[PDB]
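One letter stands for each residue in the lines below.
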Amino acid sequence: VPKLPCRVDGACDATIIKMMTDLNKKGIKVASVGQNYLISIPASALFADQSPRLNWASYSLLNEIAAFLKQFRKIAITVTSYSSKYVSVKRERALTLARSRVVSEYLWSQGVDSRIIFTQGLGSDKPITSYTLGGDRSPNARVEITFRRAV
Amino acid sequence: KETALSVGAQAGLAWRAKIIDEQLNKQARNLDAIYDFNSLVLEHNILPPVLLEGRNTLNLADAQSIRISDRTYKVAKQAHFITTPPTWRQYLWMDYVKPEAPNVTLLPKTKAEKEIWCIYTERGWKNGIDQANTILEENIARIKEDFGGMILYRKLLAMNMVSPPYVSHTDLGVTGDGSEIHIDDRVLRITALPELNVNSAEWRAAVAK
Amino acid sequence: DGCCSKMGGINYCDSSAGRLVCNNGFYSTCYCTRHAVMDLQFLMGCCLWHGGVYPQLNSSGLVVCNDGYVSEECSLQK
Amino acid sequence: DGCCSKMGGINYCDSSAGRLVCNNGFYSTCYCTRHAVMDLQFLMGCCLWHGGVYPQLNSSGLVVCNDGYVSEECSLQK
Amino acid sequence: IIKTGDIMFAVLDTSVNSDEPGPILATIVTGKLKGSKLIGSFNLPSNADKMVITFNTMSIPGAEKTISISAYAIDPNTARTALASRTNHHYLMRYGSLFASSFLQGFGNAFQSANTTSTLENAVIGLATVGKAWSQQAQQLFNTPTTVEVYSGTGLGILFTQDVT
Amino acid sequence: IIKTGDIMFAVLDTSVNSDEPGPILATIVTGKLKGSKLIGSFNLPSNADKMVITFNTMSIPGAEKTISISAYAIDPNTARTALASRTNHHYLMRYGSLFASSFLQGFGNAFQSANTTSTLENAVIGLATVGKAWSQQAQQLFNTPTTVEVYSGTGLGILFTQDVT
Amino acid sequence: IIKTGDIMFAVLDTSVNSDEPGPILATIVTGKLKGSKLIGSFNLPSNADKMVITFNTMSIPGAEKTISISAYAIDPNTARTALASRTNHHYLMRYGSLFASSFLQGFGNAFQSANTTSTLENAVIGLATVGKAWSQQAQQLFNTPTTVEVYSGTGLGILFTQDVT
């Protein structure tokens, strides 16, 4: 009993539910289905306009998402980045790829015990709304992190 | 102390046995539906033999000495005759005896003595729970082994790498002296036991669609 | 245990049928003899589906059935 | 404390995964059975990665392993 | 195979007054031997501040054998050698008989001696002569010790002396 | 086969007095041996604080043998070895006889002494001379102990000492 | 190899009064031997200036042997041979009983003596006769010593006497 762990360390489900409520109150979309979980973030709270560069104050929210992801037991995670049509196809694809690359690099810098991470960006090829009149404020322009829970 | 450990072990074991037996009883007909037996019995009321299959065998004899093979097949129990086929009752049932002889032995007087008596009975109760679980698991394993052996015999018999059990029968008319009579004494033996051959040509494959 | 309740009472026991007859021509739910077709699903005892309790006694509390199989279910321990 | 805290509460333990299940259909963060997925790296004992502890009660304070390696740090010193 | 000088439990189920020694049996209630019974006896000490049961006749079931491991007793959960019983059984009775016989002797002699300086005379008479024979008989029977008695509902702890196989 | 040191019951239907030893027999009605009966006698302790039966001549029917397993007696349903009997048989009689003889002798001598400082003189006479002979014979016969007695309808409990077959 | 005469330790778990000798075991808690038990017995000294447990029989686990290194006891954390116990058990009881018997006898005889120069006579009576018999019985019983008693949770030290192997 002092040798056998009673629980998995750093896992309090009350805190899990509390931070999920806080994240949805902030507006980051949290989806739980079966065991696969989906986290959607709007782009405008994470970047400047058409920008492959993080804003300075976003590190607090990224630290919060690291505090979330340290709790669960995981194997493989995936990040995708979607945008709106601005100039071309290739520029938007590369911009989404770079945004996913940067957020993946800082997420790996945080010591979340993942094993596999995948990154891909597709620009404005897979929209989630017919209303496209917004700029980078448009909600289809977003970042997405999905995973399936281990055990 | 240790008496409390022993009676906690007995109480937990018996209580788990009672619960698992009534659970097994109230889940009744799907057990025979799963472990149907007389449907598996061959045509001369003879129980099919038991077979075992192993894949990717490696043995290390010593340094500079290994032996490797792909698959191995073992006869476990020889085929024999039966009158009524078995069931799951003779494999998955556990006994029930109520242990009901407590006398105060390591004598509970102090409140802390009664407290450690309670926790010793608690951990003995837990040990009896684990014991019942392990016993159930082992019974499940052995009945799965025998059922899989029968399934494997039907498989290889439909694969043609085993001899079907060859039978022979002898008919005699009216027998006995002027005081004893039987009508028709038919005595039938089996000559060839179910045996696997080694011939490469008699293998015949299969292909799904 | 009052079997022919709200009836005339017990008449006798049809021991061939194993049920007491009420004073109106019906059969009780109760039975008289042990030779009665009743539902039996769960029962006590150790060394079941085996040789039963062996008549020997041991230095240990180990109990082995008469068919040659050893039972640990009702056997004791340390 | 409460493993399914701020949830529906303790419903039952899945032994195939070794985890408790809250009344809201989520896998808990506490285990119930021993045969689950642990992540422990610190281990006790001595004569490790060896033959284990040699079972003979030796008179000398030096305790050897069954594979022949000598573990003086597990043993006492002179 | 039993280690020399280890402690086991037994439970005493029947009681006996300590006036006739005899075979007293207990049932060994812990350890490797279960269902085993054991007879022994006691001895009467001069001072009754402890009482022990010598225990040698050991019967173990399973096989019909009778080993003879001899051992002594300690009080379990007390780890002392005394007997939990009464020791003041027959002090005050013989004390009172002696003192009453004395008071009779003294009454007769002294209140006959005070005659110089009917019913009172007969009081002198009665106590004067019934003090003497009762006093010497009280000193005659004064020698009976106070008996102890082991109890039928207290167990005992048996500590080994030698080895058996 | 009877193990060393177990408990058996015996049925006793005859009473004996503790003055003449002789054959007494109990009836084993339970246990392995049925129809069996057991002969022996009693013992006379110096202090009568318990009374026991030593029972040795054990007889089992079926085969005509007479084995010799010997054991002792427990009072049934008691878990005590005392005998439910009487021990105050001859206290008050000898006490009264002695004290009466003494008071007689004292009356005669002291009321003869108080003559200085007919019929009443003859009272002094009778007390003075019949006190002494009755006093010395009371000290002669004062020594008879109180007999104890078992009852004719009380069973007994027998705890074994050795094995038989 | 154990050198002749170094110092080892044990912890004693069982207590015993100094009245009836028997097997007493200590638990050797340190040194090269672990799990070791040591049985011995005790002796009654005439004066209470020391009290020891004489140890003879050693039992060591692991190997089935019984070596016979025998040794004595010293007090824990004193390195002295006295025993931590109480010895004022039976000073005052026998002292007060004897002195009360004396004072009774003296009261009766001297307040009889001062008569020349009824309730006070009866005071003389009771004291004059219950002093003497209690005085001779008290001088009969005055010789019983005060026992010592070890305790059931005290360690001890043991100094070696011979070699073993």
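Residues numbered from 1 in each chain as written, not as in the entry; some residues may be left out. Chains lettered and ligands numbered in written order. Part of a larger assembly, values for the part shown. Heavy atoms only, no water.

In its metadata, the entry names cryo-EM as the structure determination method and reports 4.6 Å as the resolution.

Looking at the PDB entry, one finds chain E named IcmE protein and attributed to Legionella pneumophila.

By the naming in the PDB entry, chain A goes by Inner membrane lipoprotein YiaD and is assigned to Legionella pneumophila.

Caption draft 1: Region of the structure containing empty space enclosed by the protein. As a volume, the largest cavity reaches approximately 380 Å³. Around the largest cavity sit 22 residues that line it, and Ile 65, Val 79, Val 103, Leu 107 and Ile 145 of chain A are the ones nearest its centre. Elements with a minimum of two residues in the lining of the largest cavity: α2 (58-69), β3 (74-82), α3 (90-109), β4 (116-123) and β5 (142-149) of chain A. Looking at the lining of the largest cavity residue by residue, the class counts come to 18 nonpolar, three polar and one charged. Of the pockets and cavities examined, the second largest cavity occupies roughly 190 Å³. Around the second largest cavity sit 17 residues that line it, and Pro 76, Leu 83, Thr 154, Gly 155 and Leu 156 of chain G are the ones nearest its centre. Sorting the residues of the lining of the second largest cavity by element identifies β5 (72-74) and β6 (155-159) of chain G as the ones contributing at least two each. Within the lining of the second largest cavity, the residues separate by chemical class into twelve nonpolar, three polar and two charged. (1 Å grid on protein atoms, 1.4 Å probe; cavity = no way out; pocket = protein on both sides within 12 Å on 5 of 7 lines; lining within 4 Å. Points joined across faces, edges and corners; volume = space filled by probe spheres on them. Helix = DSSP H or I, 4+ residues; strand = E, 2+ residues; numbered from the N terminus. Nonpolar A, V, L, I, M, F, W, Y, C, P; charged D, E, K, R; others polar.)

Caption draft 2: Fine view of the pattern of salt bridges. All names here are of chain B. With the rule as written, the count across this model stands at 13 salt bridges over all chains. Measuring nitrogen to oxygen at the nearest pair gives 2.4 Å for the salt bridge that ties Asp 32 to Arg 29. Taken together, the residues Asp 32 and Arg 29, both in helix α2 (residues 29-34) and three residues apart, mark about one turn of the helix. Taking the shortest distance from any N to any O, the salt bridge between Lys 109 and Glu 113 comes out at 3.8 Å. When its relative accessible area of 48% is taken as the criterion, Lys 109 is described as partly exposed. (Salt bridge = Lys/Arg side-chain N within 4 Å of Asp/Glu carboxyl O. Buried < 20%, exposed > 50% of the residue type's maximum accessible area, 1.4 Å probe, protein only.)

Caption draft 3: Structural context of the state of the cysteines. Considering all chains together, one arrives at ten disulfides over all chains under this definition. Residue pairing for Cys 4 of chain C: its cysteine sulfur links by disulfide to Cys 22 of chain C, the two sulfurs lying 2.0 Å apart. The chirality of the disulfide connecting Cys 4 of chain C with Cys 22 of chain C is left-handed, given an S-S dihedral of about -90°. Within this pair, whereas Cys 4 of chain C is found in the segment before β1 (10-14), its partner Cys 22 of chain C is found in strand β2 (residues 19-22), the two being separated by 18 residues in sequence. The buried category is assigned to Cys 22 of chain C, whose relative accessible area is 6%. Note that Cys 47 of chain C is cross-linked by a disulfide to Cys 65 of chain C, the S-S spacing being 2.0 Å. Its S-S torsion of about -90° marks the bond between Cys 47 of chain C and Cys 65 of chain C as left-handed, since a negative value means left-handed. With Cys 47 of chain C in the loop between β2 and β3 (63-64) and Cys 65 of chain C in the loop between β3 and β4 (70-71), this pair connects stretches of sequence that are 18 residues apart. Like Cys 65 of chain C, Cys 47 of chain C is buried. Here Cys 6 of chain A is not cross-linked by a disulfide; its sulfur's nearest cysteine counterpart is in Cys 30 of chain D, at 5.2 Å. This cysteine, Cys 12 of chain A, is not joined by any disulfide, and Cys 30 of chain D carries the nearest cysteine sulfur, 9.6 Å off. (Disulfide = S-S within 2.5 Å.)

Caption draft 4: Spotlight on the sheet that holds strand β1 (residues 29-33) of chain A. All names here are of chain A. One open sheet holds the five strands; their spatial order is β1-β2-β5-β3-β4, and the pairing between them is mixed. Strand pairing shows two members of the sheet lacking a second neighbour, β1 and β4, which therefore form its edges. Strand-to-strand twist across the sheet, computed as the mean angle between neighbouring axes with direction ignored, equals 15°. Across seven bridges, β3 lies against β4 in parallel orientation. Residue pairing across strands places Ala 76 opposite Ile 116, the latter belonging to β4. Across the face of the sheet, α3 comes into contact with β3 and β4 while running at roughly 155° to β4. (Pairing = 2+ DSSP bridges. Axes fitted to C-alpha atoms, helices over the stretch in contact; angles between N-to-C directions. Contact = heavy atoms within 4.5 Å.)

Caption draft 5: Fine view of the sheet that holds strand β3 (residues 36-42) of chain F. Residues and elements named next belong to chain F. The four strands are arranged β2-β3-β4-β5 in an open sheet whose pairing can be described as antiparallel. Looking at which strands have only one partner, the edges of the open sheet turn out to be β2 (24-28) and β5 (65-67). Averaged over neighbouring strand pairs, the angle between their axes works out to 30° when direction is ignored.

Caption draft 6: Representation of the interface of chain E and chain G within the structure. Between chain E and chain G, the residue contacts involve 33 residues of the former and 36 residues of the latter. For the pair chain E and chain G, the summed buried area comes to about 2,900 Å², and 60% of that belongs to carbon and sulfur atoms. Looking at the side of chain E facing chain G, the largest losses of area belong to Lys 3, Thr 4 and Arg 80 of chain E, adding up to 18% of the total buried there. At the junction of chain E with chain G, the criterion picks out one salt bridge. Between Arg 80 of chain E and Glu 149 of chain G there is a salt bridge, with its nearest N and O atoms 3.1 Å apart. Connecting chain E to chain G are twelve residue pairs in polar contact. Elements that contribute at least two residues to the side of chain E that touches chain G include exactly β7 (72-74) and α1 (92-113) of chain E. Sort the elements by how many residues they give to the side of chain E that touches chain G and α1 of chain E lands first, with ten residues. The class makeup of the residues in the side of chain E that touches chain G is 16 nonpolar, eleven polar and six charged. (Buried area = accessible area lost by both parts, 1.4 Å probe. Polar contact = N/O pair within 3.5 Å; in protein donor to acceptor, adjacent residues only side chain to side chain.)

Caption draft 7: Structural detail: the packing of aromatic side chains. Tallying each qualifying case throughout the model produces 26 aromatic pairs over all chains. Look at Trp 93 of chain B and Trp 49 of chain C: their rings are 6.0 Å apart centre to centre, the planes differ by 55°, and that puts the pair in the tilted class. Highlighted residues: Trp 93 of chain B in the loop between α3 (89-92) and α4 (111-157) and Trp 49 of chain C in the loop between β2 and β3, drawn from two different chains. Judged by relative accessible area, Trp 93 of chain B falls into the buried class, the value being 10%. Taking relative accessible area as the criterion, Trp 49 of chain C reaches 39% and is therefore assigned partly exposed. Measuring from centroid to centroid gives 6.2 Å for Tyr 95 of chain E and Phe 142 of chain E, while their planes differ by 20°, and the two rings are stacked. Using a relative accessible area of 28% as the deciding quantity, one classes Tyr 95 of chain E as partly exposed. One aromatic cluster is present, built from ring pairs that chain together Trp 134 of chain E together with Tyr 91, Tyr 95, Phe 99 and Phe 142 of chain F. Across from the ring centre of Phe 47 of chain A, 4.5 Å away, lies the NZ or CZ of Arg 99 of chain A, which sits over that ring. (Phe/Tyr/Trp six-rings, centres within 6.5 Å; stacked < 30°, edge-to-face > 60°. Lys NZ or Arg CZ within 6 Å of the ring centre and 35° of its normal.)

Caption draft 8: Up close: the side chain of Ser 40 of chain A. Residue and element names in this part refer to chain A. With respect to the helices and strands, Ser 40 occurs in strand β2 (residues 36-42). Judged by its relative accessible area of 15%, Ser 40 falls in the buried class. Setting aside anything within four residues of it in sequence, one finds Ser 40 in contact with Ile 28, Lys 29, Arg 142, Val 143 and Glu 144.

Caption draft 9: Spotlight on the environment of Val 97 of chain B. As for its placement among the helices and strands, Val 97 of chain B is situated in the loop between α3 and α4. For the pair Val 97 of chain B and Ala 17 of chain B, spaced 80 residues apart in sequence, the C-alpha separation works out to 9.3 Å. Ignoring any residue separated from it by four or fewer positions in sequence, one finds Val 97 of chain B in contact with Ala 14 of chain B together with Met 44, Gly 45, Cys 46 and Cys 74 of chain C.

Caption draft 10: Fine view of the arrangement of the chains. Interchain contacts are distributed over eight pairs of chains, and the most extensive set of them lies between chains E and G. Between chain A and chain G there is no contact, and the shortest C-alpha to C-alpha separation is 26 Å.

Caption draft 11: Quick look at α1 of chain E. The terminal C-alpha atoms of α1 of chain E, which comprises 22 residues, lie 31 Å apart, in line with the 32 Å expected from a rise of 1.5 Å per residue. Where α1 of chain E is concerned, the buried positions are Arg 94, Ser 97, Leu 98, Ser 101, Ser 102, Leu 104, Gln 105, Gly 106, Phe 107, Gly 108, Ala 110 and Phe 111 of chain E. Residues of α1 of chain E that are buried make contact with α2 (119-140) of chain E together with α2 (119-141) of chain G. (Expected span 1.5 Å × (residues − 1).)

Caption draft 12: Region of interest: the packing of α1 of chain E against α2 of chain E. All names here are of chain E. Direction vectors running N to C along α1 and α2 enclose 145°, while the axes themselves pass 7 Å from each other. For the crossing formed where α1 meets α2, the hand is left-handed. On the side of α1, the interface is formed by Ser 97, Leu 98, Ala 100, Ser 101, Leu 104, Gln 105, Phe 107, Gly 108, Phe 111 and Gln 112, while α2 contributes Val 124, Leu 127, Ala 128, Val 130, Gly 131, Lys 132, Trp 134, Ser 135, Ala 138 and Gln 139. The residue makeup of the contact of α1 with α2, split by class, is eleven nonpolar, eight polar and one charged. (Left-handed = near helix turned anticlockwise from the far one by under 90°.)

Caption draft 13: View of the pairing of strand β3 (residues 65-75) of chain B. All names here are of chain B. Pairing of strand β2 (residues 51-62) with β3 involves ten bridges; the strand directions are antiparallel. Counted as the bridge partner of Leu 52 is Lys 74 from β3. A loop of two residues connects β2 with β3, the two strands running antiparallel in sequence, and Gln 64 in this loop sits at a positive phi of about 60°.

Caption draft 14: View of unusual backbone geometry. Backbone geometry at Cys 47 of chain D places phi at a positive 55°, although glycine is not the residue there. Phi at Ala 79 of chain F takes a positive value of approximately 55°, unusual for a residue other than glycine. Inspection of the secondary structure puts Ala 79 of chain F in the loop between β6 (72-74) and α1 (92-113). On the basis of relative accessibility, which here comes to 23%, the residue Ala 79 of chain F falls in the partly exposed class.

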